[PDB]
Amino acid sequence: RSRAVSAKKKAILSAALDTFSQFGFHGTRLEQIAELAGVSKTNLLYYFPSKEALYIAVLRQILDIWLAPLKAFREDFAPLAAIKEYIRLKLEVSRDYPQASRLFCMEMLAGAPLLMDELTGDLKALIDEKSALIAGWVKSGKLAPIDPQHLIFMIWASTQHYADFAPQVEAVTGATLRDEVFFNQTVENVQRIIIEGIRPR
């Protein structure tokens, strides 16, 4: 129920996200997340009883933000239209919450030492469910023949690139996703290549 209690959790998690994304799992101290969140170690431990708990809690939060649109897919959506929106939402999150993207990525680079079993469990189940859905777009003629998972990965890869690889994107273009023009150019290009790449012909 409680909004106060949620406000406090979100503050700890937000503070945690920022520290972890700078110092890493092993480099980060609970003492510092507490300082930045404006709460005591005791209070932090009361909500997240181990650094491992907290860290997993922030990573899960990113997944929920990311997977929302995909969880929202239903058997009778217009597929191409749904995918365009998913791409858009994913690029919005790369612009808005790039440190989220970065931490998730950091954890991957280390081998998902903490998040692995979460990927093999909840994530896989969710992807299996929506792969079937997509295969059914394919089976019914609404999409070109494409393997669902590689398509799902492609959306993830191509949208997260702009946060994760921002320094390189900036290096070559002079721009970041916070330039409204460049955001739009990016959305148009990622959408076109992907969507035209899966449009039925």
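The first residue of the shown sequence is 1; numbering continues from there.
- Stretches 141 to 149 and 48 to 56 differ in mean CA B factor, with 141 to 149 having the higher one.
- Stretches 160 to 168 and 38 to 46 differ in mean CA B factor, with 38 to 46 having the higher one.
- Taking the deposited Cα B-factors for 100, 125, 109, 114, the highest one is held by 125.
- Ranked within its chain, residue 84 lands in the highest third, by CA B factor from the PDB record.
- In the deposited entry, the Cα temperature factor of residue 175 places it in the lowest third of its chain's modelled residues.
- Residue 74: CA B factor lies in the highest third for its chain, per the PDB record.
- Ranked by C-alpha B-factor against the other modelled residues of its chain, residue 90 falls in the lowest third.
- In the PDB entry, a CA B factor belonging to the middle third of its chain's modelled residues is recorded for residue 25.
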